[PDB]
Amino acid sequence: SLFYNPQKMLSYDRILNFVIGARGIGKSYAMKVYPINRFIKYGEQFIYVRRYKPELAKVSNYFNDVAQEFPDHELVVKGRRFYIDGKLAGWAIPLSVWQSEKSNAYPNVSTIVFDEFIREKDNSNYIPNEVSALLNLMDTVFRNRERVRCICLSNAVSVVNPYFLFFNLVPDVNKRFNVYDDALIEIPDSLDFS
């Protein structure tokens, strides 16, 4: 995007990624552009995850942000599925009903984007054993550890959320990148222009 460059974050090649403190525009935008490019180039598919169904109420507008980036490609949403040039390229999944979505096929997913993954902030209304649910989703659609990644985004910066607690991640807020063996926490300073 214009102000957020996911290149460095992606270069870490971690299976699990958390980008937080994300101030509105680029992070979410960038993570629409990246998987779309992976499909067009390599046929890699992607899953867009939100916690609850109402968060996907307007998923028909998903490609509007990035439509101008791919003018010569037909970007289509039908229900909760994403199509590029007439081919199934991705899925929108409410994590709350992942168990029901498992009956479907997911041939070549390599990127998962979980936007607004922190219950922000008003109440810890997370799904029971939610981390296990995302984990199950990941193992289901990722064939192996090579060149796959789940990227979780939030405008919040609750350093004590179920995912950080579950995986024993306690980042240093003075660092843009807190690095772990299988996980990464990025706190972008993209919109501090000073």
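In case it trips you up, residue 1 is the first one in the sequence shown, and so on.
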Quick note on 22-30 and 41-49: per-entry mean CA temperature factor is higher in 22-30
Using only C-alpha atoms and the B-factors in the entry, which stretch averages higher, 31-39 or 151-159? 151-159
Among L169, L134, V59, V66, which carries the highest Cα B-factor? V66
Taking the values exactly as deposited, rank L165 by C-alpha B-factor within its chain and report the matching third: lowest, middle or highest. middle
Taking the chain's C-alpha temperature factors as the reference, tell me which third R81 falls into: lowest, middle or highest. lowest
When the modelled residues of the chain are sorted by Cα temperature factor, does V113 land in the lowest, middle or highest third? lowest
Split the chain's modelled residues into thirds by Cα B-factor; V97 lands in the highest
Record-listed C-alpha B factor of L184: chain third: middle
